[PDB]
Each structure stands twice: as structure tokens, then as C-alpha cells.
């Protein structure tokens, strides 16, 4: 079969060639296409793009960070991953009307929604243990007791909390699916920065599926990536054209070195990416 990475490269080709110029919140301007989907096999291979070196350390730490239910950019930043620090800045928080909010407090985003959906948000320092719906655990439990369930959904998009977010989730929800001992996951990404966030986001959900398959005794199946506003920022056009001239390389594999029982038990050292031979890193300037 063909290299799964060609789907992503193909989506980049399409947007660059046929995407429509669409202004945006950041003011950078974009080339956009509405509605896209790709299927990444998770069977004996891991979808970490090769046409560009993907910041894997960032992916792994962000997910563990999400899993802990943290909304403090400081805690992830202490791991050497600064991807969310800009959004927790004093200046940025103020530009949204969050002047009384401490620096690093991203609001009730991902982690908070996944583990405490519906809980009354105070601040990043608050203890929400036992508050709200722990969707992640409910998803894990359902997969174990009734794998045929067609309602295995973890939703980050919370209408009543959007006002408190420094940035509404680019990932509204994801759905899990089990058939013949294989676990699949589909992500609905309402908005996708193709050159920066997407490659990262793909690896992230592929990792989450591996983690959940591991503790549920299942084999990773497919990761389906569904996009809403799939866009390429104007300043990413040139670097993306360089990346398109690169031939994909066999996807690496992901090894889980230890037998884990609970999702909260995983640690960075538990994972190992082997056979990852990517082309040189390509810098995509952040939009703001």
C-alpha cells in the first residue's frame, strides 16, 4: 500500500493549488478549504511525518499534560515544551480581557474538558478532582465493557466555557471505535493550521489511541483525521513548497516499554520512537 503521509502532502497540494484566499483572526491571511479527511494506519507503524522532523517530545509531553487535566502552560513549559506559553502570556491574556488571570492560565481548555467537563472553572491552580464528567475514563471504561458502543465520544468543545478560553479548542471532539480487537479514533478538527499544528495534532491523537489500546488490551487500528477549516497561512506557503519536494520515508514505530494499567500512570519514559528518519526540520513561523 501507498505511504500514509502522501495523504497529508496531498492535502497541502490541494490547498496551495485550489485553496481560496480567506482572511483570518490573526490577520495573517490564509489559503483555505472546508472539509477534508485522511486515514492514517496505526497497525505496526506510527504516523509521525517524515518529510519534516516533528517535535515528538512536544507531542508526548502535551498529551501527558492534557491527561493530567492541566491548564497551566507553566507545567508543560517546565518539561521543555513551550508550545503553549505565548497563549498564556500577560499581554495575550489581557488582549482577551483576562487581566485578573495569572500568567500561564489558558482557561478551561483540553485537559480540563477531557477530565472535568461541565465543572465550574476557577483557575489553573484549582483542584477539580471529582468535579465534572471524566470523559477520558468513561471512554476507556466503555471500550472495555461495550466495545460495539457507537457513542464513545470525548468532547472538548464546551459552549458555556468558550468565553473563559484564551483559545477555543481546535479539536472539538474525537470518537473511538472498536471492531475485532482493533481500536480506531476519529478527530474532528474544526480549525487546522496545516503547516504547524496539524502534523503535531496527528501524532498526538495517534499516540492517544496507542495509549488507550494498550490499557484496554486492543490493537491500534486507524486514526481518521477530519478537518473543518483546513488552512495554510501565507507565511507557510514557501516552507511547505520545500517540504512537498521531499519523498516520504517509512513511518517510524512506537514502542511502549512497560505494561501500564491506568491512563494516568503513563510517563514520558514509557514510550520509544524507533526507526524515525525524517528530512531536515522546517521552521513554520507562528501566527499572531
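Positions refer to the first chain, counted from 1. Here, rigid core means the biggest group of C-alpha atoms that superpose within 1.5 Å across both forms.
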property	result
Positional deviation of Cα atoms in 5 other deposited structures of this protein after core superposition, greater for 163-171 or 208-216	163-171
More variable segment, 247-255 or 65-73 [Cα RMS over structures in 5 other deposited structures of this protein, core-superposed]	65-73
Test item: residue 197 lacks coordinates in at least a third of other entries	no
Other PDB entries, at least a third, lacking residue 105	no
Average Cα temperature factor in the PDB entry - higher stretch of 183-191, 126-134	126-134
58-66 versus 237-245 - greater average Cα B-factor per the deposited record	237-245
Given 206, 213, 154, 119, the residue at which the Cα B factor reaches its maximum	119
Cα B factor band for residue 35 (lowest, middle or highest third within the chain)	lowest
CA B-factor placement of residue 97, once the chain's modelled residues are sorted into thirds	highest
Relative C-alpha B-factor of residue 202, binned into the chain's lowest, middle or highest third	lowest
Residue 12 CA temperature factor, ranked by third within the chain	lowest
Residue 107 CA temperature factor, ranked by third within the chain	middle
